[PDB]
Each structure stands twice: as C-alpha cells, then as structure tokens.
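Scroll down for the structure; my scribbles are underneath it.
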Amino acid sequence: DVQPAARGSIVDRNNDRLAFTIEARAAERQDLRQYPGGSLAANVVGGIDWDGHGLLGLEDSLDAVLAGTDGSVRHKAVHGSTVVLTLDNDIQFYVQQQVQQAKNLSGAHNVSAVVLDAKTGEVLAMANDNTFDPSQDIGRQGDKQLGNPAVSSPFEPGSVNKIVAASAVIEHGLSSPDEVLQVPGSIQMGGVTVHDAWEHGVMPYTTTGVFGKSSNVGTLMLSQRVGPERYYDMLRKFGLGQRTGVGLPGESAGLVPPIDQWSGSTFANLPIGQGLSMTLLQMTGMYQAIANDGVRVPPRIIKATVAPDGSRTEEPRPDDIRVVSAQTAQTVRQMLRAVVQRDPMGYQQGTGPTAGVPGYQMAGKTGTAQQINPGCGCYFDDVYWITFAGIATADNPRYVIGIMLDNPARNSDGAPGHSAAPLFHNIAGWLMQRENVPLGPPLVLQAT
Ligand SMILES: *C(=O)[C@@H](NC(=O)/C(=N\OC(C)(C)C(=O)O)c1csc(N)n1)[C@H](C)NS(=O)(=O)O
Ligand SMILES: [Co+2]
Ligand SMILES: [Co+2]
Ligand SMILES: [Co+2]
C-alpha cells in the first residue's frame, strides 16, 4: 500500500558521488546509504540515521529535499532530488589530507581550512582534521570530529583582521602603499597600551611594511586616520558579525560589538583583531571580497538540485556587496604580497615567507592571537589561534584559502614556530600546478 520515495544523492560540482542509496533486503526492503569516500567531506555531508533519514550534516538539514515524500495506492511517490555541491572532490581530498597532516605535524588541537573560488565565492573545499566516517556507527566515534568547525566555531582573529584597516585606509585615500611612516614600539591609545610583537624604536616602516611585518602600532596609527565610524562601517561591509547564508547547518554568526556600545578601548583592539570573533568561513570570505576586485560574494556550498525527472535548477546566486573599489582591492592584494616576501638581510622580509610560491604573486596575511583562559576569563600567555588567509594570485585571483590552527606547538610542516604559512604554500602551490597556471622588483617594507 505504501509507495516509498527513493532517497536522492549528494554529489560534488562534477557529479562525483559523495552519498547515494542502494536497495537491499533484511520489514524486508532496506535501503543502504553509501559513502564511497568514507570521511571525505563528511563534515559537510553528514550521516544517515537508522530509518534512512538524515542524522546530521546536509543529510539532515536537506533531508526534505533528499528524502522526498512517500506515495500511496493514488498519490504518486515524490522521489528525492539530488543535491549538487560546489565542492570539488579532488581539491577537497587533497586539502582534507593536508589538514590532517598539518594537525599531526604542528601538534595543534585541531586544524581547518577553506578554499573559495575567488570570483564566485563558491566553496571548493572545506575541511577539518579528525573527520568522522559516516559509513560507520556514530556511537563508536566519540573521539572523532562529527561537526563542521569551519562554520560553527568562531575565534578571535588577531592580525588576519588587519585586511579591514588596510582596505579602509586605502579606500578613503588616507595612505598609499609606499608612504613612509614613523612607527614607535608602543603607543597609548583609548586608555590602553599597545605594543608590537618585537621590541623596536621608531621605525620607518612603509604602509606596506606595517601589514607585511604586522605592526600593531602601525595598524592603529593608520586606523586613527580612518576613525571609528568609517572603520566600523568597513567591518560590516566585509560581513563580520553576520551569518553568510552558506547553506550549512550550525553556522555561527561570530561576534562584533556594535559601535554604539564600544568602550573607550574597543577602537584600540578591533583593528588588530582583538575583541571580536569570526568563523573560518567569514575570515576567508573577507579575503574573497578583495580577491574579487572589491566585491564580496557570500559563499555558497549548494550549487544546484536535480529533480527526479533529471531537470536541473541552479541555486540562486547571492547579491554582490561592494566593499571597496576595484582599484583599492588591487592595491591591497599587491601590498599583501609583502607578507610572503623573503629577504636574507631581514629588512624586507614579511611575517610569512614560507607561504610564497616562486613564480607566482601569492598574497596573504598571518595571524597569531592569544587565546582566552577559561579558568580566569583572562588571556593565556602561550596558547594561540594561528591563522593564514591568502589569495592565489594577486595579479589573477582564482583561489582564496583560509586556515586556522588551534594552539600548535610547531609549524604546519613540523618545523619550530607556530605558522600556518607552510600549509598555504602546499595548497596554493598544488592548485597552481594542477591547473598549469603559467609563472617585479622587491616590495619595500622598511625605508631608510
Ligand atoms: C597579529 O596576529 C599579531 N598578534 C597580536 O598582536 C596578538 N598577540 O601577539 C602575541 C602573540 C605576540 C602576544 O603574545 O600578544 C593578539 C592580537 S588579538 C590576540 N588575542 N592576540 C601578530 C604579532 N602578527 S603576526 O602576523 O606575526 O601573526
Ligand atoms: Co488523496
Ligand atoms: Co614557541
Ligand atoms: Co614547495
């Protein structure tokens, strides 16, 4: 009497299957969900329940689309539609593996990474370490990561947030990349004392060098030209404090204190990435705006759905958001090339030279944010969130890559330090080679 609907599949942008159903027998008919890639993109895809409905992930949140509606006899069965993701399984597989060995090598508690298409903001890869296997019973996997931290778990960004100050000061014509500044080792601002991460007297850092060397003091001096109102407006245009609408369950909105509630010291903290929180996806989406010539396109992971007849409907594209002009975006991209620039004499070296890939205009920004100690409500001394966000490449943006490491003891490649730059190096370099992308003078970070 009951006419069962057949569950739809979940496939990547090229129709490579991530989840699909086969008929079997036991209540005799029994549909078996198949995950041919095992843990591959399981943070996104999710898993199935005993009744063949979604248990978590997209299997759950899109269950109505995937499950259809059982018929009867007449009411015809509406079979489940197929969900086409923006993911590229080849990119996802490489990124997910690289994230696992970044976690193992660095000693971090966890690692995650997001790759966006520069122009469209589509999610090409989204991965975390320790990803569970939905072909196995969830109850045996308490030691696994079952969720999707890239969207669910916000963090204080620290210096990766400096993209906002850089964009604001250029967009309003308050500085230029080659302006020679005078940057002291510390300043008193908003009642508090801000110090750079290295001891130094007044240094002739250029604006480029302020972001290339990650001078907090230089960032706040330039932010003082912008002012609180224009700065807060730029934060909002970059999408912070708001869910992206990416189409994934459990997305956090992050947290940004609205300006009418700022303390006297908020403005001394936000421009260097303290006092607010964002997800990895939000962080990566910020750099997508700059990659796409100033136009932020909210990321999406659902590309299309295919009805049981086989007719395909593309997902509606989100509306453009103009953050800065194309000219500003191009200037900020070029400036952030300084971060990955190497200099044997030290003087013109950025914070992340291992992120550079020779032959390509890689551009990005490092972050090292002190974590809050839950036992005191106060900052740890030696526990960090490490971030990197970059663009491949500055002259031809194709890929935007965001990475976060939860308190690594070492570099992402296992060398001493605390940097995610090597993981960006590996991923961005591999993306260039696999598409056979073809290969000026050194940027000045420090004047006389
Ligand atoms: C930016 O990320 C900048 N980091 C900081 O100023 C912060 N902490 O710096 C260290 C780790 C030196 C500290 O112990 O204070 C910071 C900002 S918000 C937060 N919770 N901590 C660094 C120096 N820039 S980077 O490019 O070198 O990463
Ligand atoms: Co009827
Ligand atoms: Co150390
Ligand atoms: Co290499």
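A short reminder: the numbers here are calculations on the coordinates, not readings from a lab. Reconstructed Cβ throughout: ideal geometry from the backbone, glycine too, with neighbour counts over all protein chains shown.
How many residues are within 11 Å of ligand 1 (Cβ to nearest atom) and not polar (S, T, N, Q) if we restrict to the range 408-422? Total meeting the criteria: 4.
For the range 41-117, please list each of the strands (runs of 3 or more DSSP E) lying entirely inside it that holds at least 1 residues being under 30 Å from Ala392 (Cα atoms). It would help to see each step written out before you state the result.
Details: elements: 54-56, 82-85, 111-117.
Result: 82-85, 111-117.
Against the definition (away from ligand 1 (no atom under 16 Å from the Cβ) and crowded, with 20+ Cβ neighbours inside 10 Å), how does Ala108 come out, yes or no? Considered against the rule, which asks whether it is away from ligand 1 (no atom under 16 Å from the Cβ) and crowded, with 20+ Cβ neighbours inside 10 Å, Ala108 comes out as no.
The conditions of being surrounded by fewer than 24 Cβ atoms within 10 Å (Cβ to Cβ) and either in a strand (DSSP E or B) or within 16 Å of ligand 4 (Cβ to nearest atom) (or both) are not met by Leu124. When the test is whether a residue is within 16 Å of ligand 4 (Cβ to nearest atom) and buried (at least 16 other Cβ atoms within 10 Å of the Cβ), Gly414 passes it. Once the range 420-446 is narrowed to residues that are farther than 20 Å from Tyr94 by Cα and not β-branched (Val, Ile, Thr), the residue that is farthest from ligand 2 (Cβ to nearest atom) is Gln446.
Examine the range 13-28 for a residue that is among the small types (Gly, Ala, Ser) and touching a helix residue (DSSP H, G or I) at 6+ places or on another chain (Cβ under 8 Å), and state whether such a residue exists. Let's see the steps before the verdict.
Initially, the range 13-28 is screened for residues among the small types (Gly, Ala, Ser), giving 19, 24, 26-27.
Within this subset, residues satisfying the condition of being touching a helix residue (DSSP H, G or I) at 6+ places or on another chain (Cβ under 8 Å) are 19.
Yes, the range 13-28 contains a residue that is among the small types (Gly, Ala, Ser) and touching a helix residue (DSSP H, G or I) at 6+ places or on another chain (Cβ under 8 Å).
Taking first residues from the range 395-423 that are under 17 Å from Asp129 (Cα atoms) and partners that are among the acidic types (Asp, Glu) and within 16 Å of ligand 4 (Cβ to nearest atom), the Cβ contacts under 8 Å between residues at least 6 apart in sequence or on separate chains come to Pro422/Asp413; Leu423/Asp413. Scanning the range 417-446 for residues that are part of a loop (DSSP other than H, G, I, E, B) and either within 16 Å of ligand 4 (Cβ to nearest atom) or touching a strand residue (DSSP E or B) at 6+ places or on another chain (Cβ under 7 Å) (or both) returns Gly417, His418, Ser419, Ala420, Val437, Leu439, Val444, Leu445.
Per-residue answers, yes or no, for (1) in contact with a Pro (Cβ under 8 Å, 6 or more places away or on another chain); (2) closer than 22 Å to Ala326 by Cβ; (3) of a type outside the set (S, T, N, Q):
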{"site": "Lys162", "(1), (2), (3)": "yes, yes, yes"}
{"site": "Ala166", "(1), (2), (3)": "no, yes, yes"}
{"site": "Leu181", "(1), (2), (3)": "yes, no, yes"}
{"site": "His195", "(1), (2), (3)": "no, no, yes"}
{"site": "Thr208", "(1), (2), (3)": "yes, yes, no"}
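Quick check on the range 1-22: of everything there that is more than 27 Å from the chain's Cα centre (by Cα) and among the hydrophobic types (A, V, I, L, M, F, W, C), which residue is farthest from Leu62 (Cα to Cα)? It comes out as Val2. Within the range 396-410, the set of residues being part of a loop (DSSP other than H, G, I, E, B) and either closer than 25 Å to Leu124 by Cα or within 16 Å of ligand 2 (Cβ to nearest atom) (or both) comprises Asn396, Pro397, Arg398. Every test in (1) within 21 Å of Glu251 (Cα to Cα); (2) buried (at least 19 other Cβ atoms within 10 Å of the Cβ) is passed by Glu315 save one, and that test is (2).
If only residues of the range 204-250 that are assigned to a helix (DSSP H, G or I) and of a type in the set (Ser, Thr, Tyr) are counted, the one that is nearest to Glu315 (Cα to Cα) is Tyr232. Selection of the range 70-100 for residues being polar (S, T, N, Q), crowded, with 19+ Cβ neighbours inside 10 Å and under 21 Å from the mean Cα position of the chain (by Cα) yields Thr86, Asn89, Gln92, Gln96, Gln98.
Could you list all residues from the range 169-202 that are assigned to a strand (DSSP E or B) and in contact with a helix residue (DSSP H, G or I) (Cβ under 8 Å, 6 or more places away or on another chain)? Selection gives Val183, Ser186, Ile187, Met189, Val192, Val194, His195. Sort out which residues of the range 350-378 are in a strand (DSSP E or B), surrounded by fewer than 24 Cβ atoms within 10 Å (Cβ to Cβ), away from ligand 3 (no atom under 16 Å from the Cβ) and not aliphatic (A, V, I, L, M), and write them in order of number. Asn373, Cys378, listed by residue number. Does the range 395-403 include one or more residues that are farther than 23 Å from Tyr287 by Cβ and more than 15 Å from ligand 4 (Cβ to nearest atom)? No, because not a single residue in the range 395-403 is farther than 23 Å from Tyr287 by Cβ and more than 15 Å from ligand 4 (Cβ to nearest atom).
Check the range 135-155 and report whether any residue there is surrounded by 21 or more Cβ atoms within 10 Å (Cβ to Cβ), aliphatic (A, V, I, L, M), more than 16 Å from ligand 2 (Cβ to nearest atom) and outside any loop (DSSP other than H, G, I, E, B). Looking for residues that are surrounded by 21 or more Cβ atoms within 10 Å (Cβ to Cβ), aliphatic (A, V, I, L, M), more than 16 Å from ligand 2 (Cβ to nearest atom) and outside any loop (DSSP other than H, G, I, E, B), one finds at least one in the range 135-155, hence yes. One residue stands out among those in the range 417-436 that are more than 11 Å from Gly390 (Cβ to Cβ), within 16 Å of ligand 3 (Cβ to nearest atom) and of a type in the set (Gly, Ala, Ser): the one that is surrounded by the fewest Cβ atoms within 10 Å (Cβ to Cβ), which is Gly417. Selection of the range 114-160 for residues being of a type in the set (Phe, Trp, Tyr) and under 22 Å from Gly52 (Cα atoms) yields only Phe132.
Of everything listed in (1) within 16 Å of ligand 4 (Cβ to nearest atom); (2) at positive phi; (3) small (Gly, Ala, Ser), the single unmet condition for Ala102 is (2).
The residue of the range 389-407 that is nearest to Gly429 (Cα to Cα), among those that are crowded, with 23+ Cβ neighbours inside 10 Å and within 13 Å of ligand 1 (Cβ to nearest atom), is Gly390.
Please determine whether any residue of the range 337-351 is aromatic (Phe, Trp, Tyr) and over 19 Å from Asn216 (Cα atoms). Among the residues of the range 337-351, not one is aromatic (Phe, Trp, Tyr) and over 19 Å from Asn216 (Cα atoms), which makes the answer no.
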